[PDB]
>>> print(open('structure-v4.cif').read())   # mmCIF, C-alpha atoms and all ligand atoms
data_model
#
loop_
_atom_site.label_atom_id
_atom_site.label_comp_id
_atom_site.auth_asym_id
_atom_site.auth_seq_id
_atom_site.Cartn_x
_atom_site.Cartn_y
_atom_site.Cartn_z
CA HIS U 4 98.43 82.75 127.44
CA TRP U 5 96.67 81.89 124.18
CA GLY U 6 93.47 79.88 124.30
CA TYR U 7 90.05 79.89 122.66
CA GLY U 8 88.25 82.49 124.73
CA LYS U 9 87.12 85.96 123.73
CA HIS U 10 90.18 87.55 125.30
CA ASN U 11 92.82 85.04 124.21
CA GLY U 12 91.31 83.31 121.19
CA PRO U 13 92.50 82.96 117.52
CA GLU U 14 91.60 86.57 116.69
CA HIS U 15 94.31 87.69 119.18
CA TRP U 16 97.05 85.21 118.30
CA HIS U 17 98.74 87.42 115.70
CA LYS U 18 99.82 89.83 118.45
CA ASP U 19 102.10 87.22 119.98
CA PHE U 20 102.70 85.17 116.83
CA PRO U 21 102.93 87.26 113.61
CA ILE U 22 103.01 84.15 111.39
CA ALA U 23 99.27 83.90 112.17
CA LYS U 24 98.92 86.21 109.18
CA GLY U 25 101.38 84.24 107.05
CA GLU U 26 101.03 82.88 103.55
CA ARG U 27 100.38 79.16 104.27
CA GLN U 28 98.22 78.96 107.36
CA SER U 29 95.68 76.27 108.28
CA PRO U 30 92.98 75.26 108.46
CA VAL U 31 91.36 76.27 105.17
CA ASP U 32 88.07 75.52 103.52
CA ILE U 33 88.31 72.69 101.02
CA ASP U 34 86.38 73.61 97.88
CA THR U 35 85.74 70.27 96.15
CA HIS U 36 85.19 71.85 92.73
CA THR U 37 88.39 73.83 92.45
CA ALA U 38 90.67 71.15 93.90
CA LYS U 39 92.88 69.75 91.17
CA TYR U 40 92.93 65.97 90.75
CA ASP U 41 96.61 64.98 90.49
CA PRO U 42 97.15 61.56 88.86
CA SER U 43 100.84 61.61 89.86
CA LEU U 44 99.80 61.27 93.50
CA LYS U 45 100.85 57.92 95.02
CA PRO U 46 98.65 56.09 97.52
CA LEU U 47 99.25 56.72 101.21
CA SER U 48 101.21 54.20 103.20
CA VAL U 49 100.16 54.17 106.85
CA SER U 50 102.24 51.63 108.79
CA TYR U 51 100.73 51.68 112.29
CA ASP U 52 101.25 48.00 113.21
CA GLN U 53 104.19 48.62 115.57
CA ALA U 54 102.68 51.72 117.19
CA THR U 55 103.48 52.08 120.89
CA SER U 56 101.20 54.49 122.79
CA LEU U 57 102.45 55.55 126.23
CA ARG U 58 100.44 58.29 127.82
CA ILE U 59 97.44 60.54 127.43
CA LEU U 60 97.31 64.02 128.95
CA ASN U 61 95.26 67.18 129.18
CA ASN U 62 97.60 69.98 128.09
CA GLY U 63 95.05 72.72 128.63
CA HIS U 64 94.23 72.91 124.90
CA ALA U 65 93.15 69.31 124.38
CA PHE U 66 93.97 65.76 125.36
CA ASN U 67 96.91 64.14 123.61
CA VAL U 68 97.90 60.50 123.21
CA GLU U 69 101.68 60.23 122.87
CA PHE U 70 103.60 57.44 121.17
CA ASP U 71 107.13 56.12 121.48
CA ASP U 72 108.65 57.77 118.37
CA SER U 73 112.18 56.59 119.23
CA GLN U 74 112.25 54.16 116.27
CA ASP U 75 110.22 53.82 113.07
CA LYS U 76 107.29 52.04 114.69
CA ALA U 77 104.35 53.94 113.21
CA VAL U 78 105.28 55.73 110.02
CA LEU U 79 103.40 57.47 107.23
CA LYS U 80 104.85 57.39 103.69
CA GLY U 81 103.81 57.87 100.10
CA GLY U 82 101.08 60.24 99.04
CA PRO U 83 102.44 63.75 98.36
CA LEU U 84 105.31 63.01 100.73
CA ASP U 85 108.92 62.24 100.04
CA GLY U 86 110.50 60.70 103.09
CA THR U 87 109.30 58.81 106.14
CA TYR U 88 107.26 60.54 108.82
CA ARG U 89 107.06 59.14 112.37
CA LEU U 90 103.91 59.25 114.49
CA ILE U 91 104.48 61.19 117.72
CA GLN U 92 100.99 62.09 118.97
CA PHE U 93 97.34 62.48 118.08
CA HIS U 94 94.68 64.91 119.33
CA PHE U 95 91.20 66.16 118.57
CA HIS U 96 89.45 69.47 118.06
CA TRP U 97 85.76 69.46 118.93
CA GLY U 98 82.87 71.78 119.54
CA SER U 99 80.13 72.57 122.05
CA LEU U 100 77.58 71.52 119.44
CA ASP U 101 77.47 68.75 116.83
CA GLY U 102 77.56 71.22 113.96
CA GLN U 103 81.00 72.67 114.59
CA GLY U 104 84.32 71.41 115.87
CA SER U 105 86.32 70.53 112.80
CA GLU U 106 89.04 73.01 111.82
CA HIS U 107 89.01 72.16 108.11
CA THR U 108 85.70 72.50 106.32
CA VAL U 109 84.55 70.76 103.12
CA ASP U 110 82.54 73.12 100.89
CA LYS U 111 82.09 75.24 104.02
CA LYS U 112 80.62 72.25 105.91
CA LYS U 113 81.92 71.77 109.47
CA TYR U 114 82.05 68.35 111.18
CA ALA U 115 81.56 67.51 114.91
CA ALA U 116 85.31 67.06 115.43
CA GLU U 117 88.63 66.48 113.69
CA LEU U 118 91.36 64.01 114.61
CA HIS U 119 94.97 64.94 113.89
CA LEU U 120 97.68 62.30 113.74
CA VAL U 121 100.92 64.28 113.87
CA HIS U 122 104.13 63.05 112.23
CA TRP U 123 107.58 64.53 111.77
CA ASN U 124 110.01 63.94 108.91
CA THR U 125 112.73 61.51 110.00
CA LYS U 127 115.55 62.98 107.89
CA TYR U 128 115.63 65.78 110.45
CA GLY U 129 116.72 63.81 113.53
CA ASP U 130 114.08 64.88 116.05
CA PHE U 131 110.77 66.75 116.32
CA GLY U 132 112.53 69.90 117.46
CA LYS U 133 114.52 70.09 114.24
CA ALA U 134 111.59 69.09 112.04
CA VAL U 135 109.68 72.19 113.17
CA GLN U 136 112.38 74.38 111.63
CA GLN U 137 111.71 73.01 108.12
CA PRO U 138 109.00 73.72 105.46
CA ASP U 139 108.49 69.94 105.05
CA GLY U 140 109.11 69.01 108.66
CA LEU U 141 105.67 67.66 109.58
CA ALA U 142 102.78 65.78 108.01
CA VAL U 143 99.40 65.76 109.69
CA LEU U 144 96.68 63.28 108.83
CA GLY U 145 93.35 65.04 109.29
CA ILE U 146 90.29 62.88 109.81
CA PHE U 147 86.80 64.28 110.24
CA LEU U 148 84.37 62.88 112.79
CA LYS U 149 80.61 62.92 112.25
CA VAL U 150 77.94 61.90 114.77
CA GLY U 151 76.21 58.59 114.15
CA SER U 152 77.08 55.09 115.35
CA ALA U 153 79.90 54.49 117.83
CA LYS U 154 83.49 53.95 116.73
CA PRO U 155 84.61 51.00 118.90
CA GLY U 156 88.26 52.05 118.55
CA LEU U 157 87.64 55.41 120.22
CA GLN U 158 85.95 53.97 123.32
CA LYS U 159 89.25 53.06 125.03
CA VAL U 160 90.25 56.72 124.78
CA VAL U 161 86.85 57.82 126.07
CA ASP U 162 86.84 55.72 129.25
CA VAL U 163 90.13 57.22 130.50
CA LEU U 164 89.09 60.89 130.17
CA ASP U 165 87.96 60.70 133.81
CA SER U 166 91.58 60.48 134.93
CA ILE U 167 92.78 63.57 133.02
CA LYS U 168 89.91 65.98 133.67
CA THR U 169 92.00 69.04 134.44
CA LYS U 170 94.97 70.78 132.90
CA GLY U 171 98.24 69.03 133.60
CA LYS U 172 96.74 65.63 134.43
CA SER U 173 98.12 62.63 132.56
CA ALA U 174 97.59 58.86 132.69
CA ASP U 175 99.39 55.86 131.26
CA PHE U 176 97.79 54.77 128.01
CA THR U 177 99.76 51.85 126.60
CA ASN U 178 98.79 49.26 124.00
CA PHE U 179 96.48 51.56 122.04
CA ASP U 180 96.08 50.76 118.33
CA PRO U 181 95.51 53.94 116.31
CA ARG U 182 94.42 51.84 113.29
CA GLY U 183 90.98 51.67 114.85
CA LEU U 184 90.30 55.36 114.11
CA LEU U 185 90.96 55.16 110.33
CA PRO U 186 88.15 55.24 107.70
CA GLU U 187 87.85 52.53 105.04
CA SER U 188 89.18 54.72 102.23
CA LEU U 189 92.49 56.56 102.15
CA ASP U 190 91.47 59.01 99.39
CA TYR U 191 92.75 62.44 100.37
CA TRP U 192 93.23 66.13 99.65
CA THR U 193 96.62 67.69 100.33
CA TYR U 194 98.16 71.17 100.50
CA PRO U 195 101.05 72.96 102.30
CA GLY U 196 100.08 74.59 105.61
CA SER U 197 100.81 75.20 109.31
CA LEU U 198 99.96 74.12 112.85
CA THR U 199 96.51 75.37 113.75
CA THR U 200 97.67 76.33 117.25
CA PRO U 201 100.44 78.69 118.38
CA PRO U 202 103.34 78.83 117.54
CA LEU U 203 101.54 78.47 114.16
CA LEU U 204 104.66 77.27 112.29
CA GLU U 205 104.40 76.74 108.51
CA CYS U 206 106.05 73.29 108.45
CA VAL U 207 103.08 71.09 107.61
CA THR U 208 101.95 68.99 104.70
CA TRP U 209 98.26 68.56 105.34
CA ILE U 210 96.75 65.26 104.28
CA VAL U 211 92.99 65.52 104.87
CA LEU U 212 91.02 62.34 104.21
CA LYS U 213 87.87 62.36 102.11
CA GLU U 214 86.12 59.72 104.22
CA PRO U 215 85.13 60.71 107.77
CA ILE U 216 84.62 58.28 110.65
CA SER U 217 81.46 58.37 112.75
CA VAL U 218 81.32 58.36 116.55
CA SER U 219 78.28 58.35 118.83
CA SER U 220 76.65 61.37 120.47
CA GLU U 221 77.75 60.18 123.96
CA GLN U 222 81.31 59.51 122.73
CA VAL U 223 81.86 63.12 121.66
CA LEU U 224 79.83 64.11 124.75
CA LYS U 225 82.60 62.91 127.04
CA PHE U 226 84.99 65.21 125.13
CA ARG U 227 83.01 68.26 126.19
CA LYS U 228 83.45 67.37 129.87
CA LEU U 229 87.18 68.01 129.97
CA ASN U 230 88.52 71.15 131.63
CA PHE U 231 90.74 73.86 130.19
CA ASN U 232 91.64 74.77 133.77
CA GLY U 233 93.76 72.99 136.31
CA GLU U 234 92.47 71.32 139.46
CA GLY U 235 91.22 73.81 142.02
CA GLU U 236 90.83 76.75 139.63
CA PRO U 237 87.34 77.75 138.44
CA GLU U 238 86.05 75.20 135.96
CA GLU U 239 86.13 76.12 132.28
CA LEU U 240 84.75 73.39 129.98
CA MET U 241 87.04 72.41 127.11
CA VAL U 242 84.88 72.89 124.02
CA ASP U 243 85.39 74.71 120.72
CA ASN U 244 89.15 74.31 120.77
CA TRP U 245 89.24 74.91 117.01
CA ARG U 246 90.61 77.66 114.80
CA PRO U 247 88.48 79.19 112.00
CA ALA U 248 89.47 78.63 108.34
CA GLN U 249 92.23 80.84 106.91
CA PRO U 250 92.40 82.27 103.35
CA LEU U 251 93.93 79.85 100.86
CA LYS U 252 95.95 82.62 99.14
CA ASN U 253 98.53 81.46 96.56
CA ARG U 254 97.98 77.73 97.13
CA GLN U 255 96.25 74.80 95.48
CA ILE U 256 94.55 71.74 96.95
CA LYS U 257 95.30 68.56 95.05
CA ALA U 258 92.93 65.62 95.26
CA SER U 259 94.11 62.03 94.99
CA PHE U 260 90.73 61.13 93.48
CA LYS U 261 88.29 61.94 90.67
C1 LIG U 301 100.16 73.19 120.59
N1 LIG U 301 100.99 72.85 119.43
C2 LIG U 301 100.43 71.50 119.44
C3 LIG U 301 101.44 70.49 120.00
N2 LIG U 301 102.61 70.61 119.13
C4 LIG U 301 103.77 71.21 119.48
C5 LIG U 301 104.39 70.77 120.65
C6 LIG U 301 105.62 71.28 121.05
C7 LIG U 301 106.26 72.24 120.28
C8 LIG U 301 105.66 72.70 119.11
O1 LIG U 301 106.22 73.55 118.31
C9 LIG U 301 107.53 74.06 118.60
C10 LIG U 301 104.41 72.20 118.70
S1 LIG U 301 102.40 69.84 117.86
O2 LIG U 301 103.37 70.19 116.79
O3 LIG U 301 102.38 68.38 118.15
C11 LIG U 301 100.87 70.35 117.29
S2 LIG U 301 100.38 69.96 115.72
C12 LIG U 301 98.89 70.76 116.02
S3 LIG U 301 97.66 70.81 114.80
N3 LIG U 301 96.31 71.13 115.32
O4 LIG U 301 98.09 71.76 113.83
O5 LIG U 301 97.69 69.48 114.38
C13 LIG U 301 98.83 71.29 117.29
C14 LIG U 301 99.95 71.08 118.05
HG HG U 302 108.61 75.35 109.58
ZN ZN U 303 95.14 69.70 115.73
#
>>> encode(input="structure-v4.cif", output="structure tokens")
Amino acid sequence: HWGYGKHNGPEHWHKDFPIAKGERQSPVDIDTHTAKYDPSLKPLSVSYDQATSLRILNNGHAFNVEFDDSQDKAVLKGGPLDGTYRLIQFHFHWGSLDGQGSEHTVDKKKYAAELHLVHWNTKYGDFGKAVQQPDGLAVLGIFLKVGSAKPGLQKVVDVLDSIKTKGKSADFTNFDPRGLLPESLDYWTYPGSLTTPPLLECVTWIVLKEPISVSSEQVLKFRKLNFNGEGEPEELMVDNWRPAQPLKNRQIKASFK
């Protein structure tokens, strides 16, 4: 199956998923000088106060924290969006070194990791239906740089022991995602896709200008996960990121000057 290795990495995905070569694929490099400042952009509205996390699991590609998206508990609104988007899960993409890991790049600069808070448009009924629409999902991209520790990430870090191998999951209730947000909500936005197969072009990418910083040992724990299941030969989960795709006939709007 697809993965991030030489024989099943991103440069092979198109063979099983032709959309890999589509017109609005992510991630892309964000050129700060050619991004158009759009004054008609509203501020983002991130309502994560009623967020209910439930479980965290290693799905072979990364660890995911899932939330109870049965009701509008943690929604994203405003910004370039029209409609309410419910939070369903969040994951990370990191590297084997501190100078790579982010999918999106700013002026060709890569960050240690990138957090993705995934939401689906509520006018579509369920996630399954949202993925069949050009405006079905909204993903909040947040870069992570190495520096001081982010206290809000530590709770996630401690539990990685329990989900070391593919398929393992653990209960992860009462987690407040608000602790992983930067001070500023200034963003860049553009229409794109999922960065992993099936590579569907249903996403409105909202990438924040301000990155959060985590410690060296915090991201270190990330690199100790396993792509493989228990028993199989160990394959360290690192560099689970896709390289930037051509921007093509698209424009990146900035919510700031
Ligand atoms: C592996 N695909 C990931 C999980 N998803 C998924 C799960 C079930 C079905 C499906 O499509 C039919 C997609 S997902 O939509 O939550 C996302 S979003 C995303 S990223 N890096 O672009 O943010 C990676 C994945
Ligand atoms: Hg779509
Ligand atoms: Zn992602």
>>> closest_atom_pairs(input="structure-v4.cif", of="stretch 128-216 of chain U", to="stretch 107-118 of chain U", cutoff="6 Å", atoms="all atoms listed in the file", output="tab-separated table")
residue	atom	partner	partner_atom	distance
U:145	CA	U:118	CA	5.8
U:146	CA	U:118	CA	5.0
U:147	CA	U:117	CA	4.5
U:148	CA	U:116	CA	5.0
U:149	CA	U:115	CA	5.4
>>> residues_near_ligand(input="structure-v4.cif", ligand="ligand HG 302 (chain U)", cutoff="12 Å", atoms="all atoms listed in the file", output="PyMOL selection string")
chain U and resi 22+25+27-28+123-124+128+131-142+195-198+202-208
>>> write_last_selection(input="structure-v4.cif", atoms="C-alpha atoms", output="short mmCIF file (atom, residue, chain, number, x, y, z; two decimals), in the coordinates of the input")
data_model
loop_
_atom_site.label_atom_id
_atom_site.label_comp_id
_atom_site.auth_asym_id
_atom_site.auth_seq_id
_atom_site.Cartn_x
_atom_site.Cartn_y
_atom_site.Cartn_z
CA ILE U 22 103.01 84.15 111.39
CA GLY U 25 101.38 84.24 107.05
CA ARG U 27 100.38 79.16 104.27
CA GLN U 28 98.22 78.96 107.36
CA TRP U 123 107.58 64.53 111.77
CA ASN U 124 110.01 63.94 108.91
CA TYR U 128 115.63 65.78 110.45
CA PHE U 131 110.77 66.75 116.32
CA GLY U 132 112.53 69.90 117.46
CA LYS U 133 114.52 70.09 114.24
CA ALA U 134 111.59 69.09 112.04
CA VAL U 135 109.68 72.19 113.17
CA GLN U 136 112.38 74.38 111.63
CA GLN U 137 111.71 73.01 108.12
CA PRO U 138 109.00 73.72 105.46
CA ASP U 139 108.49 69.94 105.05
CA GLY U 140 109.11 69.01 108.66
CA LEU U 141 105.67 67.66 109.58
CA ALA U 142 102.78 65.78 108.01
CA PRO U 195 101.05 72.96 102.30
CA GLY U 196 100.08 74.59 105.61
CA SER U 197 100.81 75.20 109.31
CA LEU U 198 99.96 74.12 112.85
CA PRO U 202 103.34 78.83 117.54
CA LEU U 203 101.54 78.47 114.16
CA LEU U 204 104.66 77.27 112.29
CA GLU U 205 104.40 76.74 108.51
CA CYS U 206 106.05 73.29 108.45
CA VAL U 207 103.08 71.09 107.61
CA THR U 208 101.95 68.99 104.70
#
>>> closest_residue(input="structure-v4.cif", among="U:247, U:242, U:156, U:93", to="residue U:182", atoms="only C-alpha atoms")
U:156
>>> closest_residue(input="structure-v4.cif", among="U:99, U:219, U:178, U:67", to="ligand LIG 301 (chain U)", atoms="all atoms listed in the file")
U:67
>>> residues_around(input="structure-v4.cif", residues="stretch 225-231 of chain U", least_positions_apart="4", cutoff="12 Å", atoms="all atoms listed in the file", output="ChimeraX atom specification")
/U:5-8,60-66,94-101,104,115-116,157-158,160-172,218-221,235-244
>>> closest_residue(input="structure-v4.cif", among="U:234, U:69, U:190, U:19", to="ligand LIG 301 (chain U)", atoms="all atoms listed in the file")
U:69
>>> closest_residue(input="structure-v4.cif", among="U:175, U:180, U:187, U:214", to="residue U:59", atoms="all atoms listed in the file")
U:175
>>> atom_distance(input="structure-v4.cif", atom1="atom CA of residue U:211", atom2="atom CA of residue U:85")
17.0 Å
>>> atom_distance(input="structure-v4.cif", atom1="atom CA of residue U:89", atom2="atom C1 of ligand LIG 301 (chain U)")
17.7 Å
>>> closest_residue(input="structure-v4.cif", among="U:253, U:188, U:92, U:48", to="residue U:120", atoms="all atoms listed in the file")
U:92
>>> closest_residue(input="structure-v4.cif", among="U:102, U:21, U:30, U:46", to="ligand ZN 303 (chain U)", atoms="only C-alpha atoms and all ligand atoms")
U:30
>>> axis_aligned_box(input="structure-v4.cif", around="stretch 93-110 of chain U", padding_each_side="5 Å", output="AutoDock Vina command-line options")
--center_x 87.4 --center_y 67.8 --center_z 111.5 --size_x 29.9 --size_y 20.6 --size_z 31.2
>>> atom_distance(input="structure-v4.cif", atom1="atom CA of residue U:26", atom2="atom CA of residue U:260")
26.1 Å
